[PDB]
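In: Model the following, please.
(chains A and B)
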Amino acid sequence: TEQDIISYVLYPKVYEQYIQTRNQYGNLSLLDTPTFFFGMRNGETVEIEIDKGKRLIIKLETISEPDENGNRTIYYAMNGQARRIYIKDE
Amino acid sequence: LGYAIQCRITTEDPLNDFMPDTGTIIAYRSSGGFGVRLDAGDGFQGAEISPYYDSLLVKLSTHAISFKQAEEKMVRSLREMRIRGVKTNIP
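Out: Numbers count the residues shown, from 1 in each chain, chains lettered A, B, ... in the order given. See below for the structure:
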């Protein structure tokens, strides 16, 4: 769009980096601020409003120890569905 | 075309006048199979059971050309059924 264009002209590196982030993590506007800054606590459930009548119900169960790659396993439950996400521990 | 059988899995304990048990399901594993239908309600891996609704864990149904063949499809899937955390009418 036109917004894209002057955005990039106004802010070359910054705009590019925002696109990089968007590809990776999707639309972050919709996360509540505490979740945006701190993530989630064990046993916590979070509602993310996506649209009218549409929301994400995420529960974080536990995080595993870093395996022999520094990859921890996060056990999630998203909209009543067992889910596993592996994160590089920095 | 053939015969079909339904029965329902509930949190009713046959050893206690079929009282609707309340508690968390900690282990849920069902069957599946050709000519088997599992309509699920309260029975899943996580969340617990409220006492405030007609108890229905899974609605189970089987189908084959003969009554005996559909009955042996029914027992097998009932035997494969595994729910712990609450009592069930499976036995």
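In: Give the other helices and strands that the top helix by length along chain A contacts.
Out: Assignment by DSSP state H gives helix A:12-25 as the longest helix of chain A. With contacts taken as 3 or more Cβ pairs under 8 Å, 6 or more residues apart in numbering or on different chains; DSSP states H and E, helix A:12-25 sits against helix A:2-10. (C-beta placed from N, C-alpha, C; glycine too.)
In: what about the helix it packs on, distance to the chain center?
Out: Between the centre of helix A:2-10 and the centre of its host chain there is 25 Å, according to Cα atoms, centre = their mean, to the nearest Å.
In: and it with helix A:12-25, angle?
Out: 130 degrees (axes from the mean of the first three to the mean of the last three Cα atoms, to 10 degrees).
In: List of residues touching helix A:2-10?
Out: For helix A:2-10, the surrounding residues in contact (Cβ atoms under 8 Å, 6 or more residues apart in numbering or on different chains) are A:15-16.
In: Return it as PDB; C-alpha atoms alone will do.
Out: Output of helix A:2-10 as PDB, limited to C-alpha atoms (Å, rounded to 0.1, in the frame of the first residue of the first chain):
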ATOM      1  CA  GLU A   2       0.800   3.700  -0.100                       C
ATOM      2  CA  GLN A   3       1.200   3.600   3.700                       C
ATOM      3  CA  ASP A   4       4.000   1.000   3.200                       C
ATOM      4  CA  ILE A   5       5.800   3.300   0.700                       C
ATOM      5  CA  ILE A   6       6.200   6.500   2.700                       C
ATOM      6  CA  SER A   7       6.600   4.400   5.800                       C
ATOM      7  CA  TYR A   8       9.700   2.900   4.200                       C
ATOM      8  CA  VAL A   9      10.900   6.200   2.900                       C
ATOM      9  CA  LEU A  10      10.500   7.800   6.300                       C
END
